[PDB]
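>>> The data below comprise the sequence and an experimental structure of the protein.
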Amino acid sequence: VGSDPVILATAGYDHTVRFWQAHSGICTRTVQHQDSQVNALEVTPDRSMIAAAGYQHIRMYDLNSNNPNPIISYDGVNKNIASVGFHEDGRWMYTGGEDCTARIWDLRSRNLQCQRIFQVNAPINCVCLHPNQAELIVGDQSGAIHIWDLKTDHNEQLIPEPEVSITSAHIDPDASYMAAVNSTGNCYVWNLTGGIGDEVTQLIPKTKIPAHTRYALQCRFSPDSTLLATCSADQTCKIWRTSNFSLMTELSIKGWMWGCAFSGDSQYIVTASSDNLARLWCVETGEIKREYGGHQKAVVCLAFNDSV
Amino acid sequence: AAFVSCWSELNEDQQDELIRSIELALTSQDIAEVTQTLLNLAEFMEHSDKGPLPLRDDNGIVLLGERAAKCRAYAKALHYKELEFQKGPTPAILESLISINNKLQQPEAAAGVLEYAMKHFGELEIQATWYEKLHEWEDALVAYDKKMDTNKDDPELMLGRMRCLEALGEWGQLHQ
Amino acid sequence: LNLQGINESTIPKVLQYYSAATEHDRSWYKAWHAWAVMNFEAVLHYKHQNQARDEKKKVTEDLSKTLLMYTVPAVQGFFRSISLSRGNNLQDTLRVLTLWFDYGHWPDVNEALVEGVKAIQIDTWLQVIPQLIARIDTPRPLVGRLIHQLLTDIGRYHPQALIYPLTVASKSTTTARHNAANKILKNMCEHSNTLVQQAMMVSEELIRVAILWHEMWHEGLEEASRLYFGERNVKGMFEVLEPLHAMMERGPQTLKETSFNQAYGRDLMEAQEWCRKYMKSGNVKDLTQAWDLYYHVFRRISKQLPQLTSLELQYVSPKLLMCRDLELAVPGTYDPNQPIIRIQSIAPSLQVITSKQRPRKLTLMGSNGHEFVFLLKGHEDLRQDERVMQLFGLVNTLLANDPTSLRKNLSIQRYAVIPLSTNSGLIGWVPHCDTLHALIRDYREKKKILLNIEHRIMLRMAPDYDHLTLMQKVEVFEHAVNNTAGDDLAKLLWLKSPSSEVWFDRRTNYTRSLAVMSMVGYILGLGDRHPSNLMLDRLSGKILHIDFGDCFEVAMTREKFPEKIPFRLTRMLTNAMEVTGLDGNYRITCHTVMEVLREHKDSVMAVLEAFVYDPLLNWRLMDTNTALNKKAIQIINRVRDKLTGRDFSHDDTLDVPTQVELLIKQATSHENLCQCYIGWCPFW
Ligand SMILES: Nc1nc2cc(-c3nn(Cc4ccc5c(c4)CCN(C(=O)CCO)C5)c4ncnc(N)c34)ccc2o1
């Protein structure tokens, strides 16, 4: 599975995690995840193993061996886990749980406890890491965003005009913009400081885009920072260009459209939907270049590591 | 009961002849007795398990409602017109709904009909007489003034504006 | 009292104005009412100016001096305003009682109360009898004497209106209550001496047919085993069991009592001996032996029980069988104006409704010549229903006294409730009514539709519905809704009508009653309104609510499955209205009712306060946590916020048209509905 320069995986309600080869498309290995669904998947920077977040526990499988069942398990939390992250050094893991708390965990230290905790009002939806790997952004159902500093331990708060749930947020790789999306289909974009670290974090809102007419479920920047993708429940995935924030392309499947992943060079897009299938599209031509199927139930979470 | 008992054993060809005779009767006379008897028969057949009488490829909702309107049985007309609405709304059914509700002493239902029309059919489809039917003499005046502005002198709009002015009691402008 | 508010420079001015108004014409009721209410306000303003300031020696003495000039005028004005009403005067009476049980110990206020109580009629006190017996044993010494004297005076005349609650109070675990009740009953004895004995006998016999040994055990053993095996609570287990072993000791006094004892007495006695072995030994195996014996008893009753379908009085209570031509009035019928009606005799058989609670169906034969049917419940507290019914009566009067509401026949349907103890009671029998659950079940079985179609589709789409996140749940809910028709109720209501001109009136009544009880229940805080808790008439469409256990947002704060809804408004209920939607009768009736309620906030806040401040019931609130005074203050503040429009943001002040819209938006939401407990049927 891990031999290839690209790793692809998807999961949903059917209790199975499956891996696919991109060039032509065929399953190569399956893993069992009984007794719950999967909310998120993430591949560690070391390019070894993978983490799945579900109900009351986080599990880790392996990519290089391809034989074994879970290697590491974290248990003893309340309600669902909504997000997972990793530090580029592979020593700290950040999680925004359902029960109004964000937590930090140590991988090598096998003490079954989170090193640091940070509580907030209302459940947490998304968490994100600043490129400098010194700040953390958190979103909650109350409609507020929180900025937390790991080294100084002080936090600050923000609230856009509507008091509606924030569903996702993400900071591009060069720390030039930061965007968020709310359940009314609107997106907000804010400009950021040039340098990263030891900065005043001059978050000033450039504008808001009425991207959709229904719930928005995710948004991501391209690795080159040129493009910004936005999924939704209206069977539309829209791509905007960062130079002018104007629509470039609009992919449609007329189930919802959950996931979204870019390629290492901003050439392809990989998308998952609630119709038990995954699609690989060309960014420029806007045509389905391939399809992956085999799942019995819907597919909600996706993972695509295009690096080695 | 006799009609039901007989109809069940009839042959597909004899049923069509009977239906044709009933249709001819319903259209022909204004006899209050015959129309009431046939309407009661239709209702009774509706309540049973044999299905409603198959008149004129539509179950006769339009014809039955039209004939019930003249007989002055407004509940039946409202029921049939409500069935008509479910099949599909059009700006011509809403006016009849408003009129029927007004004839039945139920202004609030007519107000609800107007609210639905406002939400679902924009502006161009709204007529200035609907306000007149609801005794909203000010919105009708506003709409009539707006219409008279654009269009030239047409007798109907002028008469409508005069009618609206009379109810409020503006003797000055009316006399002018 | 506008453009200014309330201060220390304005109060004297307005008191001057109202005093002059009273002086110029000493027969107007409004002047006296306003003066009394204004004096009552001042007193409550100088207290929260102390708690807010003083808490956060000379102060208390200065408070005594200053505050002893507003209370006496308030009492006098309230009494004179009562004298000039002779009719709707509930608010003034409740205010008088509130002042009395808060400042009576002071000497001069007692003088004013003593003077006033003499000059009023005795019929003005028959509407506050439930609120007088609650304070029958007040610690203070100057209040209890006057309460006892007034209660005795209410006994010479109109005695039929005091026997039931006094008898209920006479059998209480706490000693002072039963001491006072027995003293008052003794004082009453020299008036009748047969009515009292008949009432005691009837109450005792009724409290007994309600629950039988096999039953008390079928549950005692269940509860004791849950405590011990489920929770390791040996002490709690014994606290359930010890009383049950003791009771049989008294010794059988009726046939059925003996047959249980003959079947199961030896086994139960031996189980107690094993438990008593444990008490000395400390060896848990001895409890295991006991539970082997208890389980054997439990299973035999478990299979014996289901076949009891009726009860004969001769094996249950011959005392009732022998009763003839009593002098006791039929429960819940006494009216000081109409002639009295007595119970001629009781029917010999009782029918047991097949359910988990197993309520009885009692029937009595009145002296008038008609039968009276009742429902006899056991294991259920029925006082919160009495209070709520009083409130509903007040609201009915308020609606009836308005022209716009009068032209529409807006009202609330109520029934009769009579408590007998802390556990059992009687409820009036309402004819021609059926729950929604039964109607939908019958319709779906007649048309041959699966009874759990929506839940089955939901589970098929994803068999983890209870553990999914929020956005995951809303999609499944929408999918389940979009692939089904929700027009069962409308179709059923059309079919069950004889003609087409009756269906119209039935639909109108249905819509208007639904709107009225939605608006009232929002303010009352009522919750837990699953389809089994509301019924529907047949000759009319008027709706009826029941089971008022939960109030004051109790269900919006619980830990497991907290509700997020102000009232029930689902698609099945909506489809049964006119084809256009909610913007017809429903919204306008909501506007009218909310206007009427907002105009008369004072009476509603009088009734709800006496209710929340009664010490015998405050138990429903403190249990929510995991002192009580602060919780009561918070509850009353929330109710005021609701009734003033400041219920979404304290800074704003909404008008009715705007608030109603926000409430209707909040109720019909998929995010809110998807979170409901699956037994709530959020899809019907
Ligand atoms: N607190 C409280 N309860 C009350 C009950 C009634 C009442 N209800 N009904 C029908 C009925 C009677 C018994 C049962 C059901 C329905 C449903 C099934 N069931 C269960 O026990 C399992 C269900 O979950 C037994 C009446 N018919 C005529 N007159 C009445 N007054 C009533 C009224 C006020 C009440 O106030």
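Looks like it arrived, so ask away. Numbers count the residues shown, from 1 in each chain, chains lettered A, B, ... in the order given.
>>> Pull the contacting residues for the residue nearest in space to the middle of chain B.
Residue closest to the average C-alpha location in chain B (C-alpha atoms, centre = their mean): residue B:96, at 3.3 Å. Going by C-beta atoms under 8 Å, 6 or more residues apart in numbering or on different chains, residue B:96 touches residue B:81. Every residue, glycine included, has its C-beta placed from N, CA and C.
>>> Name the next helix or strand downstream of the helix or strand it falls within, please.
Using DSSP states H and E, residue B:96 maps to helix B:91-103. In the C-terminal direction, the helix or strand that comes right after helix B:91-103 (DSSP H and E) is helix B:107-120.
>>> helices or strands next to that following helix in the packing?
helix B:91-103, helix B:128-133, helix C:585-599 (3 or more C-beta pairs under 8 Å, 6 or more residues apart in numbering or on different chains; DSSP states H and E).
>>> Just read off the phi/psi values of the closest residue to residue A:8 other than its chain neighbours.
Sequence neighbours aside, residue A:20 is the residue nearest to residue A:8 in space, at 4.8 Å (criterion: C-beta to C-beta, 6 or more residues apart in numbering or on different chains). As for residue A:20, its main-chain torsions (degrees, to the nearest 10) stand at phi -130, psi 150.
>>> same thing with residue C:411?
Torsion angles, degrees, to the nearest 10, at residue C:411: phi -170, psi 180.
>>> try residue A:299
phi -120, psi 120.
>>> what about it, neighbour count?
Applying other C-beta atoms under 10 Å in any protein chain shown, we find 26 residues neighbouring residue A:299.
>>> do residue C:603 as well
18.
>>> What of residue C:198?
Counted with other C-beta under 10 Å, residue C:198 comes out at 16.
>>> Pull out the buried residues from stretch A:65-83.
A:74, A:77, A:80, A:81, A:82, A:83 (16 or more other C-beta atoms under 10 Å in any protein chain shown).
>>> For the closest residue to residue B:10 other than its chain neighbours, which three-state class applies?
With C-beta to C-beta, 6+ apart as the criterion, residue B:10 has its nearest non-adjacent residue at 7.3 Å, and that residue is residue B:18. Residue B:18 falls in the helix class when you classify it by DSSP: H, G, I helix; E, B strand; the rest coil.
>>> how many other residues sit next to residue B:18?
Neighbour tally, residue B:18, other C-beta under 10 Å: 14.
>>> if I look at whichever residue of chain B sits closest to chain A, how far off is residue A:212?
Relative to chain A, the nearest point of chain B is residue B:119 (16.8 Å; C-beta to the nearest C-beta). Computed as C-beta to C-beta, to the nearest Å, the residue B:119 to residue A:212 distance reads 22 Å.
>>> How much space separates the residue in the stretch 51-200 of chain A that chain B sits nearest to from residue A:160?
For the stretch 51-200 of chain A, the residue closest to chain B is residue A:184, as judged by C-beta to the nearest C-beta, at 19.6 Å. Distance of residue A:184 to residue A:160, computed by C-beta to C-beta: 10 Å.
>>> Tell me which of these two has more neighbours.
residue A:160 (17 against 14).
>>> Identify the residues contacting that one.
Counting by C-beta under 8 Å, 6+ apart, residue A:160 has contacts A:143, A:145, A:180, A:182, A:188, A:208.
>>> Secondary structure class of it, three-state.
coil.
>>> residues from chain C in reach of chain A?
When proximity is defined by C-beta under 8 Å from any C-beta of the partner chain, chain C lies next to chain A at C:462, C:463, C:464, C:467, C:468, C:469, C:470, C:471, C:472, C:475.
>>> Excluding covalently adjacent residues, which one is nearest to the residue in chain B that the ligand sits nearest to?
Closest contact between chain B and the ligand, by C-beta to the nearest ligand atom, is at residue B:47 (28.1 Å). In this structure, residue B:47 finds its nearest non-sequential neighbour in residue C:495, 7.3 Å apart by C-beta to C-beta, 6+ apart.
>>> For residue A:170, give me phi and psi.
Residue A:170 adopts backbone torsions of phi -160, psi 140, taken as degrees, to the nearest 10.
>>> Just give me the neighbour total for it.
Residue A:170 has 19 nearby residues by other C-beta under 10 Å.
>>> does any bit of stretch C:672-680 sit next to the ligand?
No: figure legend: stretch C:672-680 not in contact with the ligand (C-beta under 6 Å from any ligand atom); closest approach 10.1 Å.
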